>>> print(open('structure_3.tsv').read())   # TSV, C-alpha atoms
chain	number	residue	atom	x	y	z
A	299	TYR	CA	-29.79	52.86	-56.80
A	300	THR	CA	-25.98	52.54	-56.59
A	301	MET	CA	-23.28	49.85	-56.74
A	302	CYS	CA	-22.76	47.93	-53.48
A	303	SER	CA	-19.54	48.74	-51.53
A	304	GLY	CA	-19.19	45.70	-49.27
A	305	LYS	CA	-18.60	41.95	-49.48
A	306	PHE	CA	-20.93	39.15	-50.50
A	307	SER	CA	-21.33	35.48	-49.55
A	308	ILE	CA	-22.80	32.46	-51.32
A	309	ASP	CA	-25.81	30.95	-49.54
A	310	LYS	CA	-26.36	27.82	-51.62
A	311	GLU	CA	-24.59	25.49	-54.00
A	312	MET	CA	-24.95	26.86	-57.51
A	313	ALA	CA	-27.61	25.03	-59.50
A	314	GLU	CA	-27.96	24.51	-63.24
A	315	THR	CA	-31.43	25.77	-64.33
A	316	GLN	CA	-31.04	23.98	-67.81
A	317	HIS	CA	-32.63	26.53	-70.06
A	318	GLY	CA	-28.87	27.04	-70.46
A	319	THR	CA	-28.50	29.16	-67.29
A	320	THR	CA	-27.05	28.92	-63.76
A	321	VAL	CA	-28.42	30.58	-60.60
A	322	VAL	CA	-26.28	32.06	-57.83
A	323	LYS	CA	-27.91	32.82	-54.51
A	324	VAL	CA	-25.89	35.50	-52.62
A	325	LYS	CA	-26.16	37.46	-49.35
A	326	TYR	CA	-24.93	41.02	-48.79
A	327	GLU	CA	-22.57	41.31	-45.78
A	328	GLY	CA	-21.60	45.03	-45.91
A	329	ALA	CA	-23.70	48.24	-45.67
A	330	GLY	CA	-25.61	50.59	-48.03
A	331	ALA	CA	-28.70	48.56	-48.86
A	332	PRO	CA	-30.72	48.63	-50.93
A	333	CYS	CA	-28.04	48.60	-53.66
A	334	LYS	CA	-26.79	47.01	-56.95
A	335	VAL	CA	-24.75	43.79	-56.86
A	336	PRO	CA	-21.42	44.17	-58.65
A	337	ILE	CA	-21.30	40.96	-60.67
A	338	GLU	CA	-19.31	39.92	-63.80
A	339	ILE	CA	-18.22	36.63	-65.46
A	340	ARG	CA	-14.63	35.99	-66.47
A	341	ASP	CA	-12.85	33.75	-68.99
A	342	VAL	CA	-10.51	30.76	-68.53
A	343	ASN	CA	-7.67	33.39	-68.65
A	344	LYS	CA	-9.24	35.12	-65.60
A	345	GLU	CA	-9.00	38.67	-67.03
A	346	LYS	CA	-11.49	39.42	-69.89
A	347	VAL	CA	-15.20	39.85	-69.15
A	348	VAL	CA	-17.19	37.26	-71.20
A	349	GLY	CA	-20.71	35.73	-71.04
A	350	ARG	CA	-23.78	37.58	-69.88
A	351	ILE	CA	-25.82	38.21	-66.74
A	352	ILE	CA	-29.53	37.32	-67.30
A	353	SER	CA	-31.06	38.83	-64.16
A	354	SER	CA	-31.58	42.47	-65.07
A	355	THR	CA	-29.85	44.72	-62.52
A	356	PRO	CA	-29.65	42.47	-59.40
A	357	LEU	CA	-30.51	44.19	-56.16
A	358	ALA	CA	-29.42	43.58	-52.59
A	359	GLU	CA	-32.46	44.80	-50.61
A	360	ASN	CA	-30.91	44.18	-47.16
A	361	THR	CA	-28.18	42.33	-45.21
A	362	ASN	CA	-30.44	39.33	-44.39
A	363	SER	CA	-32.07	38.54	-47.73
A	364	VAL	CA	-30.69	36.42	-50.54
A	365	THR	CA	-30.37	37.86	-54.06
A	366	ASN	CA	-31.03	35.33	-56.83
A	367	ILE	CA	-28.86	35.94	-59.93
A	368	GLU	CA	-29.41	33.96	-63.12
A	369	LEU	CA	-26.49	33.89	-65.60
A	370	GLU	CA	-25.20	32.38	-68.87
A	371	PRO	CA	-21.71	30.96	-68.35
A	372	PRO	CA	-19.48	29.78	-71.22
A	373	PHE	CA	-18.89	26.00	-71.55
A	374	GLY	CA	-16.10	24.73	-69.32
A	375	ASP	CA	-14.14	26.93	-66.93
A	376	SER	CA	-15.46	30.39	-65.96
A	377	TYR	CA	-14.89	32.73	-62.98
A	378	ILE	CA	-17.88	34.52	-61.43
A	379	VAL	CA	-16.93	37.64	-59.46
A	380	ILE	CA	-19.32	39.21	-56.94
A	381	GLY	CA	-18.49	42.53	-55.21
A	382	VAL	CA	-15.48	44.83	-55.43
A	383	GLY	CA	-11.83	44.62	-54.39
A	384	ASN	CA	-9.96	41.77	-52.72
A	385	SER	CA	-13.04	40.72	-50.67
A	386	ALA	CA	-14.68	40.25	-54.05
A	387	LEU	CA	-15.92	36.70	-53.90
A	388	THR	CA	-14.60	34.66	-56.83
A	389	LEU	CA	-16.27	31.45	-57.91
A	390	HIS	CA	-14.49	29.10	-60.28
A	391	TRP	CA	-17.39	27.44	-62.08
A	392	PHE	CA	-17.37	24.63	-64.67
A	393	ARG	CA	-20.13	24.19	-67.28
A	394	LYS	CA	-20.63	20.69	-68.74
B	2	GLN	CA	-31.28	40.98	-34.27
B	3	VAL	CA	-32.17	37.16	-34.28
B	4	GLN	CA	-33.83	35.30	-37.08
B	5	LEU	CA	-34.20	31.80	-35.56
B	6	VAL	CA	-36.67	30.73	-32.84
B	7	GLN	CA	-36.73	27.12	-31.71
B	8	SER	CA	-39.32	25.09	-29.84
B	9	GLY	CA	-39.37	24.59	-26.10
B	10	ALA	CA	-37.06	22.22	-24.29
B	11	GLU	CA	-38.49	18.70	-24.17
B	12	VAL	CA	-38.03	15.80	-21.77
B	13	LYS	CA	-38.48	12.34	-23.33
B	14	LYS	CA	-38.31	8.66	-22.29
B	15	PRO	CA	-35.76	6.28	-23.91
B	16	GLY	CA	-37.00	4.85	-27.22
B	17	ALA	CA	-39.36	7.80	-27.84
B	18	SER	CA	-39.18	10.27	-30.73
B	19	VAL	CA	-38.72	14.05	-30.50
B	20	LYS	CA	-39.60	16.85	-32.93
B	21	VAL	CA	-37.98	20.28	-32.61
B	22	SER	CA	-39.34	23.27	-34.50
B	23	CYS	CA	-37.35	26.21	-35.86
B	24	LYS	CA	-39.10	29.39	-37.02
B	25	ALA	CA	-37.13	31.77	-39.28
B	26	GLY	CA	-37.56	35.49	-39.81
B	27	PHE	CA	-36.43	35.19	-43.46
B	28	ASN	CA	-37.33	33.16	-46.49
B	29	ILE	CA	-36.02	29.65	-45.90
B	30	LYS	CA	-36.49	28.67	-49.56
B	31	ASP	CA	-33.17	30.30	-50.64
B	32	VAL	CA	-31.05	28.98	-47.77
B	33	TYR	CA	-29.24	25.95	-46.35
B	34	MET	CA	-30.93	25.06	-42.98
B	35	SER	CA	-28.75	22.88	-40.75
B	36	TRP	CA	-29.16	21.19	-37.36
B	37	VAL	CA	-26.34	20.85	-34.87
B	38	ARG	CA	-26.39	18.88	-31.66
B	39	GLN	CA	-24.22	19.40	-28.59
B	40	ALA	CA	-23.97	16.89	-25.74
B	41	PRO	CA	-23.19	18.26	-22.24
B	42	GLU	CA	-19.51	19.36	-22.17
B	43	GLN	CA	-18.77	17.59	-25.50
B	44	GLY	CA	-18.25	19.41	-28.79
B	45	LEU	CA	-20.48	20.45	-31.68
B	46	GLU	CA	-21.77	17.72	-33.95
B	47	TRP	CA	-23.38	18.61	-37.29
B	48	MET	CA	-26.48	16.50	-37.85
B	49	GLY	CA	-27.54	17.45	-41.37
B	50	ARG	CA	-28.84	20.11	-43.77
B	51	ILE	CA	-32.01	20.61	-45.79
B	52	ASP	CA	-32.57	22.65	-48.91
B	53	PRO	CA	-36.18	23.73	-48.40
B	54	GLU	CA	-36.57	24.68	-52.10
B	55	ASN	CA	-36.34	21.05	-53.22
B	56	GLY	CA	-36.54	19.28	-49.80
B	57	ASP	CA	-33.14	17.73	-50.39
B	58	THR	CA	-31.90	16.23	-47.16
B	59	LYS	CA	-28.34	15.21	-46.41
B	60	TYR	CA	-27.53	13.78	-42.97
B	61	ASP	CA	-24.56	12.75	-40.86
B	62	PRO	CA	-23.82	9.02	-41.12
B	63	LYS	CA	-23.79	8.72	-37.33
B	64	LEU	CA	-27.49	9.61	-37.17
B	65	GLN	CA	-28.52	8.23	-40.54
B	66	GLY	CA	-31.94	6.58	-40.33
B	67	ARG	CA	-32.75	8.18	-36.95
B	68	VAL	CA	-33.22	11.76	-38.16
B	69	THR	CA	-35.85	13.30	-40.34
B	70	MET	CA	-35.40	16.93	-41.37
B	71	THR	CA	-38.25	18.83	-42.96
B	72	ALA	CA	-39.18	22.40	-43.89
B	73	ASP	CA	-42.36	24.37	-44.54
B	74	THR	CA	-41.50	27.26	-46.95
B	75	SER	CA	-44.97	28.77	-46.41
B	76	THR	CA	-44.47	29.16	-42.61
B	77	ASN	CA	-40.67	29.57	-42.92
B	78	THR	CA	-40.28	26.89	-40.25
B	79	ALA	CA	-37.78	24.02	-40.32
B	80	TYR	CA	-38.22	20.84	-38.37
B	81	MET	CA	-36.10	18.03	-37.03
B	82	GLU	CA	-37.37	14.62	-35.90
B	83	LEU	CA	-35.10	12.23	-33.94
B	84	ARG	CA	-36.36	8.68	-33.15
B	85	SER	CA	-35.48	5.82	-30.86
B	86	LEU	CA	-33.88	8.07	-28.27
B	87	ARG	CA	-31.09	6.93	-25.95
B	88	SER	CA	-29.75	8.65	-22.83
B	89	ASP	CA	-26.76	9.27	-25.13
B	90	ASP	CA	-28.92	11.77	-27.18
B	91	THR	CA	-29.42	14.08	-24.22
B	92	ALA	CA	-28.03	17.23	-25.75
B	93	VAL	CA	-28.79	20.78	-26.80
B	94	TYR	CA	-30.20	20.91	-30.31
B	95	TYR	CA	-29.32	23.98	-32.34
B	96	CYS	CA	-31.01	25.09	-35.49
B	97	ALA	CA	-28.79	27.08	-37.86
B	98	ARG	CA	-28.66	28.79	-41.26
B	99	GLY	CA	-25.98	29.30	-43.90
B	100	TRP	CA	-23.33	27.71	-46.15
B	101	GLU	CA	-20.14	29.76	-45.75
B	102	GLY	CA	-20.31	29.23	-42.02
B	103	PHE	CA	-23.45	29.31	-39.94
B	104	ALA	CA	-23.97	33.03	-39.45
B	105	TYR	CA	-27.45	32.53	-37.95
B	106	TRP	CA	-28.33	30.26	-35.01
B	107	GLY	CA	-31.26	29.36	-32.79
B	108	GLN	CA	-31.35	29.70	-29.00
B	109	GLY	CA	-31.17	25.92	-28.66
B	110	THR	CA	-33.57	23.20	-27.53
B	111	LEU	CA	-32.49	20.99	-24.63
B	112	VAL	CA	-33.71	17.45	-25.23
B	113	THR	CA	-33.34	15.34	-22.05
B	114	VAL	CA	-33.66	11.54	-22.41
B	115	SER	CA	-34.13	9.82	-19.06
B	116	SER	CA	-35.98	6.82	-17.48
B	132	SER	CA	-17.50	11.84	-48.40
B	133	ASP	CA	-16.17	10.97	-44.92
B	134	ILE	CA	-13.60	13.55	-43.56
B	135	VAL	CA	-11.58	13.78	-40.31
B	136	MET	CA	-11.22	17.28	-38.87
B	137	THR	CA	-8.34	17.68	-36.46
B	138	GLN	CA	-8.12	20.66	-34.22
B	139	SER	CA	-4.96	21.30	-32.19
B	140	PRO	CA	-4.57	21.63	-29.32
B	141	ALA	CA	-7.56	20.38	-27.31
B	142	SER	CA	-7.02	23.28	-24.93
B	143	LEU	CA	-4.47	25.98	-24.25
B	144	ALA	CA	-3.77	28.86	-21.91
B	145	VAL	CA	-2.06	32.06	-22.86
B	146	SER	CA	-1.49	35.34	-21.03
B	147	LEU	CA	-3.48	38.54	-21.65
B	148	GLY	CA	-2.35	40.60	-24.61
B	149	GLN	CA	-0.32	37.68	-25.94
B	150	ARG	CA	-0.72	36.01	-29.33
B	151	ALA	CA	-2.72	32.74	-29.43
B	152	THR	CA	-2.96	30.24	-32.28
B	153	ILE	CA	-5.36	27.35	-32.94
B	154	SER	CA	-4.98	25.02	-35.97
B	155	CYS	CA	-7.33	22.81	-37.98
B	156	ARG	CA	-6.26	20.03	-40.31
B	157	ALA	CA	-8.68	18.39	-42.66
B	158	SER	CA	-8.19	14.88	-43.99
B	159	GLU	CA	-9.30	15.95	-47.51
B	160	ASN	CA	-9.48	19.16	-49.54
B	161	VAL	CA	-12.00	21.79	-48.35
B	162	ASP	CA	-11.96	24.09	-51.37
B	163	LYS	CA	-14.92	24.64	-53.68
B	164	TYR	CA	-15.43	27.25	-56.39
B	165	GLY	CA	-11.82	28.35	-55.85
B	166	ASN	CA	-12.30	29.19	-52.18
B	167	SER	CA	-11.50	27.24	-48.99
B	168	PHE	CA	-14.78	26.47	-47.13
B	169	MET	CA	-13.25	26.52	-43.67
B	170	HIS	CA	-14.93	28.40	-40.80
B	171	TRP	CA	-14.28	29.28	-37.21
B	172	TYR	CA	-16.68	29.62	-34.31
B	173	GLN	CA	-16.50	31.00	-30.81
B	174	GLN	CA	-18.65	29.53	-28.08
B	175	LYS	CA	-18.94	30.82	-24.57
B	176	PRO	CA	-20.81	28.52	-22.08
B	177	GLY	CA	-24.61	28.15	-22.18
B	178	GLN	CA	-24.71	30.10	-25.40
B	179	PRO	CA	-25.06	29.29	-29.01
B	180	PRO	CA	-21.91	29.52	-31.08
B	181	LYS	CA	-20.86	32.63	-32.92
B	182	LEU	CA	-19.47	32.58	-36.43
B	183	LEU	CA	-16.14	34.46	-36.38
B	184	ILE	CA	-14.37	33.62	-39.58
B	185	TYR	CA	-15.79	32.13	-42.72
B	186	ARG	CA	-14.34	31.17	-46.15
B	187	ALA	CA	-10.99	30.49	-44.35
B	188	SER	CA	-9.96	34.15	-43.93
B	189	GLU	CA	-13.11	36.33	-44.18
B	190	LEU	CA	-14.08	38.07	-40.90
B	191	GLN	CA	-17.73	38.15	-39.99
B	192	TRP	CA	-19.40	41.52	-39.35
B	193	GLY	CA	-18.59	42.96	-35.91
B	194	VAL	CA	-15.76	40.57	-35.12
B	195	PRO	CA	-12.69	42.38	-33.69
B	196	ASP	CA	-9.63	43.14	-35.81
B	197	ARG	CA	-7.40	40.98	-33.54
B	198	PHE	CA	-9.08	37.81	-34.90
B	199	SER	CA	-7.72	36.39	-38.18
B	200	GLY	CA	-7.87	33.26	-40.28
B	201	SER	CA	-5.20	31.93	-42.59
B	202	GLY	CA	-4.64	28.72	-44.54
B	203	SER	CA	-5.15	26.69	-47.72
B	204	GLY	CA	-5.77	23.12	-48.90
B	205	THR	CA	-5.68	21.15	-45.61
B	206	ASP	CA	-3.96	23.29	-42.96
B	207	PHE	CA	-5.74	26.32	-41.50
B	208	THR	CA	-5.17	28.45	-38.44
B	209	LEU	CA	-7.12	30.88	-36.27
B	210	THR	CA	-5.07	33.58	-34.58
B	211	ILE	CA	-5.75	36.08	-31.82
B	212	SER	CA	-3.06	38.75	-31.98
B	213	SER	CA	-3.77	40.15	-28.53
B	214	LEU	CA	-5.66	37.98	-26.08
B	215	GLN	CA	-8.52	39.78	-24.34
B	216	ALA	CA	-10.50	38.41	-21.40
B	217	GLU	CA	-13.68	38.34	-23.60
B	218	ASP	CA	-11.95	35.73	-25.79
B	219	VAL	CA	-11.91	32.98	-23.17
B	220	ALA	CA	-14.08	30.41	-24.91
B	221	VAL	CA	-14.25	27.19	-26.88
B	222	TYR	CA	-13.31	27.54	-30.52
B	223	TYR	CA	-14.54	25.25	-33.31
B	224	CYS	CA	-13.34	24.99	-36.89
B	225	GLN	CA	-15.68	23.60	-39.62
B	226	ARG	CA	-15.74	22.46	-43.25
B	227	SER	CA	-18.74	23.09	-45.49
B	228	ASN	CA	-17.72	22.38	-49.12
B	229	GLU	CA	-19.28	18.93	-49.42
B	230	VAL	CA	-21.33	17.03	-46.82
B	231	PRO	CA	-20.86	16.19	-44.03
B	232	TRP	CA	-20.23	19.69	-42.80
B	233	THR	CA	-18.08	18.33	-40.06
B	234	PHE	CA	-16.92	20.34	-37.06
B	235	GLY	CA	-13.58	20.12	-35.31
B	236	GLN	CA	-13.56	18.66	-31.77
B	237	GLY	CA	-13.08	22.10	-30.22
B	238	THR	CA	-10.30	24.04	-28.50
B	239	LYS	CA	-10.81	25.40	-24.99
B	240	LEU	CA	-8.94	28.69	-24.75
B	241	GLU	CA	-8.10	29.92	-21.26
B	242	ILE	CA	-6.06	32.57	-19.45
B	243	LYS	CA	-2.65	31.85	-17.82
B	244	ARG	CA	-2.53	33.01	-14.10
>>> encode(input="structure_3.tsv", output="structure tokens")
Amino acid sequence: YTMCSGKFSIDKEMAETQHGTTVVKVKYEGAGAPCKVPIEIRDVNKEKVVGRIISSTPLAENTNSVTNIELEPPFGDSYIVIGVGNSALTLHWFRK
Amino acid sequence: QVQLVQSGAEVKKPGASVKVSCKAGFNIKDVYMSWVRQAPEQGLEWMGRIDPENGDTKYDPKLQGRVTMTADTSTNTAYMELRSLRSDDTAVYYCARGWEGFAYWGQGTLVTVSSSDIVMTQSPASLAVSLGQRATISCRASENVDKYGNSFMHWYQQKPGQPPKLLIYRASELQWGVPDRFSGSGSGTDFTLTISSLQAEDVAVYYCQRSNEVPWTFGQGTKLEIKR
């Protein structure tokens, strides 16, 4: 498969799974499915790529289905970025 | 291609209860299923939303106690039960899906009965502009509508006897297929929808909507018309 070109959207309020992880449920809005979801976590400084993405190689099968992505965010403020470019969705998350 | 099919239009006596079904072509477990009512010639009123994964139901305070929203994740069907019906409740009952705007809607079910709190302010109530000319509709929320660093403000178009159409979501993001001439700006509390060049297709009612925290209140609507 290949990286996904288009935009994404969040389908549900992010939930804490409390094995230490957080799940993000996202929908693919552009074209080129199936494809890989371009996702990365960012620091409080909003530039360096910290943390880790649990779900091994998340896949957007189609434009209707929701991709479930588990991840390990650092305590406090973190920025989750889904997709590429300026229509990259950016989620300011806070871990307690 | 449409993913929501609703039950047939029911006629009920005052004081009765009604149950509307909504069958989805996708897995409702990973989704926010909402119900929206629309009285004849009045605006859109959000009723509530269910998370079918955990059955979590949040309702609108207007209807609180009268509505019961359920979901069967096995049959990917969502339900809505409304009790102690008044002639008042005669409306079209829409079944919808999504968080950053309701991208997916049902055909509607006409129910005919016969024998934190936020204020969303849409301006104007109606307006006429000439073809090809620029048109602007505004929405002002009483509180903040940001969440996760994004403004959860959406815009809908609704032509008569038709379900609404999500146009703009996440304040500025344009839904797939929507013409270039449509645009959304704004932040914090003031947002605006703008049609750079008015086309005859655009004559419709427009609704703005918040979705960051419940209720997912709609604006009162803006009837857009042609001059001359």
>>> interface_residues(input="structure_3.tsv", of="chain B", to="chain A", cutoff="7 Å", atoms="all atoms listed in the file", output="PyMOL selection string")
chain B and resi 27+31-33+99-101+164-165
>>> residues_around(input="structure_3.tsv", residues="residue B:214", least_positions_apart="6", cutoff="12 Å", atoms="only C-alpha atoms", output="ChimeraX atom specification")
/B:144-152,195-198,220,240-243
>>> atom_distance(input="structure_3.tsv", atom1="atom CA of residue B:41", atom2="atom CA of residue B:71")
25.6 Å
>>> atom_distance(input="structure_3.tsv", atom1="atom CA of residue B:226", atom2="atom CA of residue B:168")
5.7 Å
>>> residues_around(input="structure_3.tsv", residues="residue B:45", least_positions_apart="5", cutoff="8 Å", atoms="all atoms listed in the file", output="NGL selection string")
:B and (37-40 or 223 or 234-237)
>>> axis_aligned_box(input="structure_3.tsv", around="stretch 56-59 of chain B", padding_each_side="5 Å", output="lines of an AutoDock Vina configuration file")
center_x = -32.4
center_y = 17.2
center_z = -48.4
size_x = 18.2
size_y = 14.1
size_z = 14.0
>>> atom_distance(input="structure_3.tsv", atom1="atom CA of residue B:14", atom2="atom CA of residue B:88")
8.6 Å
>>> residues_near_point(input="structure_3.tsv", point="(-31.4, 20.5, -46.5)", cutoff="7 Å", atoms="all atoms listed in the file", output="PyMOL selection string")
chain B and resi 33-35+50-53+56-59
>>> residues_around(input="structure_3.tsv", residues="stretch 353-357 of chain A", least_positions_apart="2", cutoff="8 Å", atoms="only C-alpha atoms", output="JSON, numbers by chain")
{"A": [332, 333, 334, 335, 351, 359, 365, 366, 367, 368, 369]}
>>> residues_around(input="structure_3.tsv", residues="residue A:314", least_positions_apart="4", cutoff="10 Å", atoms="all atoms listed in the file", output="PyMOL selection string")
chain A and resi 318-322+368-369+393-394
>>> write_last_selection(input="structure_3.tsv", atoms="C-alpha atoms", output="PDB file, keeping the file's coordinate frame")
ATOM      1  CA  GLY A 318     -28.870  27.040 -70.460  1.00  0.00           C
ATOM      2  CA  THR A 319     -28.500  29.160 -67.290  1.00  0.00           C
ATOM      3  CA  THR A 320     -27.050  28.920 -63.760  1.00  0.00           C
ATOM      4  CA  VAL A 321     -28.420  30.580 -60.600  1.00  0.00           C
ATOM      5  CA  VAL A 322     -26.280  32.060 -57.830  1.00  0.00           C
ATOM      6  CA  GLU A 368     -29.410  33.960 -63.120  1.00  0.00           C
ATOM      7  CA  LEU A 369     -26.490  33.890 -65.600  1.00  0.00           C
ATOM      8  CA  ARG A 393     -20.130  24.190 -67.280  1.00  0.00           C
ATOM      9  CA  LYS A 394     -20.630  20.690 -68.740  1.00  0.00           C
TER      10      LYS A 394
END
>>> residues_around(input="structure_3.tsv", residues="stretch 74-84 of chain B", least_positions_apart="3", cutoff="8 Å", atoms="only C-alpha atoms", output="count of residues only")
24
>>> residues_near_point(input="structure_3.tsv", point="(-23.0, 40.4, -56.0)", cutoff="7 Å", atoms="all atoms listed in the file", output="VMD selection string")
chain A and resid 306 324 335 to 337 380 to 381
>>> decode(input="structure_3.tsv", residues="stretch 336-391 of chain A", atoms="C-alpha atoms", output="JSON list (two decimals), in the first residue's frame")
[["chain", "number", "residue", "atom", "x", "y", "z"],
["A", 336, "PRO", "CA", -0.23, 9.49, 7.67],
["A", 337, "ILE", "CA", -0.19, 9.87, 11.45],
["A", 338, "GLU", "CA", 2.42, 11.26, 13.91],
["A", 339, "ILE", "CA", 2.44, 12.66, 17.49],
["A", 340, "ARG", "CA", 4.08, 15.96, 18.33],
["A", 341, "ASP", "CA", 5.53, 17.58, 21.47],
["A", 342, "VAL", "CA", 4.41, 20.59, 23.54],
["A", 343, "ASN", "CA", 6.75, 22.63, 21.23],
["A", 344, "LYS", "CA", 4.69, 21.46, 18.21],
["A", 345, "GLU", "CA", 7.70, 20.53, 16.05],
["A", 346, "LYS", "CA", 9.56, 17.33, 17.17],
["A", 347, "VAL", "CA", 7.99, 13.90, 16.66],
["A", 348, "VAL", "CA", 7.67, 12.14, 20.08],
["A", 349, "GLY", "CA", 5.63, 9.22, 21.49],
["A", 350, "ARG", "CA", 4.65, 6.16, 19.52],
["A", 351, "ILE", "CA", 1.80, 4.82, 17.39],
["A", 352, "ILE", "CA", 0.59, 1.40, 18.69],
["A", 353, "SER", "CA", -1.64, 0.34, 15.80],
["A", 354, "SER", "CA", 0.76, -1.21, 13.32],
["A", 355, "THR", "CA", 0.42, 0.49, 9.92],
["A", 356, "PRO", "CA", -3.14, 1.94, 10.05],
["A", 357, "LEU", "CA", -5.14, 1.49, 6.88],
["A", 358, "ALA", "CA", -7.95, 3.50, 5.34],
["A", 359, "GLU", "CA", -9.90, 0.80, 3.44],
["A", 360, "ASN", "CA", -12.47, 3.22, 1.94],
["A", 361, "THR", "CA", -14.08, 6.69, 2.21],
["A", 362, "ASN", "CA", -16.98, 5.44, 4.40],
["A", 363, "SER", "CA", -15.24, 3.30, 7.02],
["A", 364, "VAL", "CA", -13.63, 4.44, 10.24],
["A", 365, "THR", "CA", -9.98, 3.58, 10.97],
["A", 366, "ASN", "CA", -9.26, 2.90, 14.65],
["A", 367, "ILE", "CA", -5.78, 4.08, 15.71],
["A", 368, "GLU", "CA", -4.40, 3.28, 19.15],
["A", 369, "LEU", "CA", -1.51, 5.47, 20.39],
["A", 370, "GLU", "CA", 0.75, 6.26, 23.37],
["A", 371, "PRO", "CA", 0.74, 10.01, 24.03],
["A", 372, "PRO", "CA", 3.16, 11.72, 26.45],
["A", 373, "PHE", "CA", 1.70, 13.08, 29.72],
["A", 374, "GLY", "CA", 0.17, 16.54, 29.36],
["A", 375, "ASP", "CA", 0.01, 18.43, 26.08],
["A", 376, "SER", "CA", 0.57, 16.60, 22.76],
["A", 377, "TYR", "CA", -0.44, 17.30, 19.12],
["A", 378, "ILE", "CA", -1.75, 14.42, 16.98],
["A", 379, "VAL", "CA", -1.43, 15.06, 13.24],
["A", 380, "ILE", "CA", -3.42, 13.03, 10.70],
["A", 381, "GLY", "CA", -2.85, 13.44, 6.93],
["A", 382, "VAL", "CA", -0.54, 15.70, 4.94],
["A", 383, "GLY", "CA", -0.29, 19.43, 4.29],
["A", 384, "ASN", "CA", -2.47, 22.26, 5.61],
["A", 385, "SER", "CA", -5.64, 20.07, 5.56],
["A", 386, "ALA", "CA", -3.70, 17.84, 7.92],
["A", 387, "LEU", "CA", -6.02, 17.53, 10.88],
["A", 388, "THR", "CA", -4.29, 18.56, 14.10],
["A", 389, "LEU", "CA", -5.59, 17.48, 17.48],
["A", 390, "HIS", "CA", -4.32, 19.16, 20.62],
["A", 391, "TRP", "CA", -4.65, 16.38, 23.19]]
